[PDB]
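Let me begin by presenting the structure, written as structure tokens, before commenting on it.
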Ligand SMILES: CC(=O)Nc1ccc(-c2csc(N)n2)cc1
């Protein structure tokens, strides 16, 4: 198959475990569940890794423990050990420009100021990796953005985000076999 590694973004520690900026982590903890994988700390990859058993080829799951703006250090290390190209990687992140429970998909392109995406583009040497974008909404002024992502959504949007990841979990066969148009048409409904 295609896409060899799936990455979830977040900050480490329990003081960040419930914040919006950890939405990627929330997806991965459930994607691991779908594939019966478990997490082990790999120091050499700077994070927690999991092997996902698939008939067409194993898929690696990674949550970096680098802090967000150093996320690329973990991604580049994993792709280094197992010889994985940028276009064979999917990264799951929070997306302000769409509201809670919306979900959108693209390959490469702009990052919308995300500090994790920034470092991953910096360390892989290109923007050309796949992104699963999870809506978390946005405040009124973007001078407020940093404080917004570092806080709990809670209640309604947490439920809408769980629905978001549930609906994202059904598109993964087409994502991994590589059917961009198919998964993109399923997700944008
Ligand atoms: C000092 C610090 O926390 N910087 C930072 C930079 C960018 C972002 C960001 C952009 S779009 C999104 N969802 N998050 C968050 C935080």
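In full-length UniProt numbering, the protein residues as written are 3 to 191. Virtual Cβ for every residue (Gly too), placed ideally from N, Cα, C.
Local Cβ density within 10 Å of residue i, reported as buried at 16 or more and exposed below that
i, result
"residue 96", "buried"
"residue 104", "buried"
"residue 168", "exposed"
"residue 155", "buried"
"residue 150", "buried"
"residue 29", "buried"
"residue 50", "buried"
"residue 185", "buried"
Residue i and residue j closer than 8 Å at C-beta
i, j, result
"residue 77", "residue 63", "no"
"residue 33", "residue 134", "no"
"residue 146", "residue 88", "no"
"residue 79", "residue 47", "yes"
"residue 122", "residue 94", "no"
"residue 61", "residue 178", "yes"
"residue 58", "residue 113", "no"
"residue 71", "residue 117", "yes"
"residue 55", "residue 37", "yes"
Whole-Å CB distance - residue i paired with residue j, under 8 Å assumed
i, j, result
"residue 22", "residue 153", "7 Å"
"residue 132", "residue 109", "5 Å"
"residue 188", "residue 173", "5 Å"
"residue 102", "residue 190", "So it is not a contact: roughly 16 Å between Cβ atoms."
"residue 100", "residue 137", "4 Å"
Proximity test, residue i beta-carbon vs ligand 3 heavy atom, cut-off 7 Å
i, result
"residue 117", "Judged by which ligands are present, ligand 3 is missing from the structure shown, whose ligands are ligand 1."
Residues that DSSP places opposite residue i in a beta bridge
i, result
"residue 97", "137"
"residue 64", "9 and 51"
"residue 92", "8 and 132"
"residue 108", "133"
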